[PDB]
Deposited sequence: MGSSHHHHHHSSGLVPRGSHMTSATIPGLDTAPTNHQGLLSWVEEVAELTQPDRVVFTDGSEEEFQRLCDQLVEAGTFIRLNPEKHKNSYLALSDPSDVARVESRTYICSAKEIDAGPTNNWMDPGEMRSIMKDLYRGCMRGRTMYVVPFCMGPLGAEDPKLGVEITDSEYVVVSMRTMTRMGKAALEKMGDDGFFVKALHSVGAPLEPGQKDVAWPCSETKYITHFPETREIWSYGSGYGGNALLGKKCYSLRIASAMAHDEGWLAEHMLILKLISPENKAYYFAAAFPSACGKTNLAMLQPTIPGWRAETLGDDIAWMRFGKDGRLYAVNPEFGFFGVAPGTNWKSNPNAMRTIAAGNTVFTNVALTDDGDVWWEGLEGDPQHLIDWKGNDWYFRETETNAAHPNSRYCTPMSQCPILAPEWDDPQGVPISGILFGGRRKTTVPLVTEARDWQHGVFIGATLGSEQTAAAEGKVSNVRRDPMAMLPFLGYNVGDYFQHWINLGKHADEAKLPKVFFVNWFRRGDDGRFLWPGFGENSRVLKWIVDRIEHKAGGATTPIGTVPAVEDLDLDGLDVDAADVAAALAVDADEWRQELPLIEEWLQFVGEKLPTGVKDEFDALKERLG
């Protein structure tokens, strides 16, 4: 194909050929990450009809893209961990023999890139200055993928450079699975009814076929950053996690970094862009999705965000509820996927301010206030925006040695039973709280271990073991304290006991105070939990009885919880570590 490519990495140069020969594109193109390229690609995408260019008074350099109603997220059921032995995928994952899967996908790939450009998209996960940065190359026939990868990863010339002549990298292959015939006119959003998102842990490879959407197609965002990364983590001494990285800044003038793993729809994005409500506190973000954490030479755990932009859910995002998010998209350079077009070339979505009377919806049809029965924006529609535009981005965001983590937080939605905040008794108890994370639920109480249920690249039980092991072998003075929060406990009339949002900084305050040995906490069966007295309520219009209710550890309710933990633990099967059963036994012993 077109190989006058700017590299002497033979291994790469082979692989590109081998793939081209199988997929039969018209040309191969290597992407460089330049502004100049970005515009070409956006122009080609606007000509194709995939992108609409937004009215540029209102938004610098921003676009709207509408997908086929058939690839719109997801497809965890078409997502596979193809390790050699089935046990090393484990019961949270979909497995298939690797040889059987190669057969299926080599068939699928044969001639799939036909009447289309094959982009070779190199990229770096993590800051770029690192000694041994974690790099990858995504081949894809989708331009939308190229553009989106430019914001979400450090893409192009720089990463290609970091690879040398023989530097290792993750081989990541994508196709939309819609080959053209030589006459044929394309569609705005090519995809297929057949979809596979396949992860090969031992060879550190991702094969994606069939979808052009999100985490099925932008291969760094979950395929690399959690699935392959976690497997790397296992083998190499670190942790790849579904965590926001928050930097909380006290009245003067200390920085505390937190890592928090909530499942999606439970509040990562809010907590990561928290505006504290107590005078003198600031907050800055390093990330709101993925945290890579390693132990420092002395002797702490350091976090880095492997990504380079935000890929947020649009619906419900607004100036009241997330103005930091909003200022970030205002700076433009943004691609909106499946939101609505306003009468004057702007974008809108349910929850945004205004009440436009007419819209063109995400299917391209006319939409009307108090009339059309469907949402104007797709309810999982997205924005894709550079991290560097975020006004509260912490200055250490591009810093390869990371930030020391003081606390690690786990949580989800629980209407009952789980208090607003609980501190772990120790590392091994910490892992068990993570390991047992429950959220209601569905797609009524789902277990979603460290908010990683759909993202583990290997067996859950071994993943827990890995967590225990990194703790056993470290100075417990220097480990992060672990906490378990719940913003969502409800009273008898069904209102929230806790107001949450901004005011969650009160809970973070207690966590800091606890680190600076200056707040109290009762020992309870599930861990240490503050009395209302122990929390800074000054300035808050809320009933102290509500707050104590949020804080209750009720022996009866937790007795009801133990069989659900147990089922879940049985479901984890033969790799369930002793530590976790020990902690389960302990929790049971203290509840009687």
If I number the deposited sequence starting at 1, which residue ranges have no C-alpha coordinates at all?
1 to 27, 471 to 477
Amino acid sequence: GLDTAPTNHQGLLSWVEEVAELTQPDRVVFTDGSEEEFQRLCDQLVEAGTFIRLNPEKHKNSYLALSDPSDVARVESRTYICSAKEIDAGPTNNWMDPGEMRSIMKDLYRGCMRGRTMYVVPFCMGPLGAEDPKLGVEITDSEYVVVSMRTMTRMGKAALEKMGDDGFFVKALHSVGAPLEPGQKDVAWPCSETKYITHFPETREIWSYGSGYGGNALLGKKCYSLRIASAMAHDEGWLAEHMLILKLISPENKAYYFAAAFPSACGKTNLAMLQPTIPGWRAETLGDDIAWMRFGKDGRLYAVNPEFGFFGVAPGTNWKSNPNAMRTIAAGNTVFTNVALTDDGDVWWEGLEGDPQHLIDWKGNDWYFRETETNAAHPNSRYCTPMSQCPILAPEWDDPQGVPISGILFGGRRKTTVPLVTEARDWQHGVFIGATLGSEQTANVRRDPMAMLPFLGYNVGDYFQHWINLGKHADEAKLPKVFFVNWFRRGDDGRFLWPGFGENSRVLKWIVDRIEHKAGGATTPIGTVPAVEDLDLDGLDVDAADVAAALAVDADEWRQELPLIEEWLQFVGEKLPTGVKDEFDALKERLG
From here on, numbers count along this sequence of modelled residues.
Which of the two stretches, 25 to 33 or 53 to 61, shows the higher mean Cα temperature factor in the record?
53 to 61
Tell me which stretch has the larger mean Cα B-factor in this entry, 274 to 282 or 161 to 169.
161 to 169
Highest Cα B-factor in the PDB entry belongs to which of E143, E307, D344, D448?
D344
What third of the chain, by the recorded C-alpha B-factor, contains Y302?
middle
Please place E241 in the lowest, middle or highest third of its chain by C-alpha B factor as given in the entry.
lowest
Tertile call for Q465 (CA temperature factor, within chain, third-based) is the middle
Could you tell me which third, lowest, middle or highest, the C-alpha B-factor of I81 occupies within its chain?
lowest
In terms of the chain's CA B-factor thirds, is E138 lowest, middle or highest?
lowest
